[PDB]
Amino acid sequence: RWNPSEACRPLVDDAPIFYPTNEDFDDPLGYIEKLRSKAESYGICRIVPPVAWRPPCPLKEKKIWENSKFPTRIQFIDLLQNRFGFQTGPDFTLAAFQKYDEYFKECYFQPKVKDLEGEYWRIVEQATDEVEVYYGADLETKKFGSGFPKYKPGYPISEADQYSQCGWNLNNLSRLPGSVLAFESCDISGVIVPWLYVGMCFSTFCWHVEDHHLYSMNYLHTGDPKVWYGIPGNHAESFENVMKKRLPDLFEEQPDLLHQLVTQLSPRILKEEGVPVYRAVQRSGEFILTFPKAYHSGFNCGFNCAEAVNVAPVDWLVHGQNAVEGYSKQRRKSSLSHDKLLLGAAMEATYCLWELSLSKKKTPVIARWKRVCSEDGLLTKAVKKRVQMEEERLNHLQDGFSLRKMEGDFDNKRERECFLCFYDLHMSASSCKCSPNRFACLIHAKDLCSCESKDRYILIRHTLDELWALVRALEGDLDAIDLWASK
């Protein structure tokens, strides 16, 4: 079935490879920050942990390895580009799936990374035969278990425990201080709680971008290499355009195709269309970091098991903004409450500034938060933009509307979204006497009803004065700092 004489390996520039020191590795977010300036223009990068950093995989317990059942979905590789979704495949265990992968590669190739690459793209671009594989993707680790260890109180001290509390343990990365995802109380699946990816040969994850343009960290626990292709975030649009240009009929059929994660396009074609693509080979025991709005794709060289999770340093806050705004224009539903994260971050930073005002002891956390807030600070800039947006949106409301101050438990329990935008309304909501428990964003308050303003009101979580007070507090306004440290 293999045909190496017709291989179509795409000759693509390598994504940068980093070799963090133990020092660097003690501070995940800091290290990611230093990485930013060096690899953000590449979209993705490969991170090799310091020597002998190899956390034990609990999935290798044969109690889980041979018994824990997980679902798979069927991928027709020859259909990924030229031609729709993935259909329900048979249940597997890690043992079973590894055995079938061995069987598959034995049948298909009777095999190094570039051979598998050339053959894969051979199948995708040109289509001799139907090739059908399975992927156990997007498996909940809270259901299945994590590839990382957890703390067990009653048992002897072990390196496993140290790994369990390590920051690069993907169960711990999302809510590290410096990541605004910490301010989301719900253990959002995939975004905050890591997801598992069990692979076989040719197993694909098609072109896509993280939800809310978040950072993505992917650890390969065990098995064969995972090949990655990444696009820089600042070329995202370009990429998209090329898709529209090179798969016209598929986009005539599905204008929302990109968000469906079932379409693959070769890096060769992308290079010939002027889109910068960068290659990375993730081997067992290594990390792959995806930057905000960095389109990425790739496949598996054989049986493996990966674990991915989102992370959101302060620098992400400007992208995460655009995203939700974009979502509003796409009228697509979100995965998280952005304003909750922004406001949460601002509140924590204000708390730290308040502590410094009391000449409290400066901790590393306090330092990290102070460092990103002042009239030059990224957090300050983000909050400032959001507040400006708020004031313009309110300014554009015609006079009539009443104000009711939103009670704090307004987003707890229930996600509240603009009926038209699906814009998250954690900060502001508009309504009328026509529609209790039915709201719009400040931009679409107009479109909610036909009623006159007498009946129109707006739930506000914070008055405009209070918001501007927050911006001033980040810039050192002690009174404002006192104000927001109380909330």
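All residue numbers refer to positions in the sequence shown, first residue = 1.
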Which fits the stretch between residue 175 and residue 176: none, 1 to 3, 4 to 9, or 10 or more deposited residues lacking coordinates? none
Chain break class for residue 110 to residue 111, judged by how many deposited residues have no coordinates: 10 or more
Decide which of the stretches 387 to 395 and 219 to 227 has the higher mean C-alpha B-factor, going by the entry. 387 to 395
Determine, for stretches 409 to 417 and 296 to 304, which one has the higher mean CA B-factor as deposited. 409 to 417
Member of 28, 58, 436, 49 with the greatest C-alpha B factor (per the PDB record): 436
For the listed 339, 286, 348, 129, which has the peak Cα B-factor recorded in the PDB entry? 129
Is the Cα B-factor recorded for residue 369 in the lowest, middle or highest third of its chain? middle
Looking at the entry's B-factor column for C-alpha atoms only, identify whether residue 210 ranks in the lowest, middle or highest third of its chain. middle
Third of the chain's Cα B-factor distribution that residue 85 belongs to, per the entry: highest
Thinking about Cα B factors across the chain, which third does residue 328 belong to? middle
For residue 335, the third of its chain into which the C-alpha B factor falls: middle
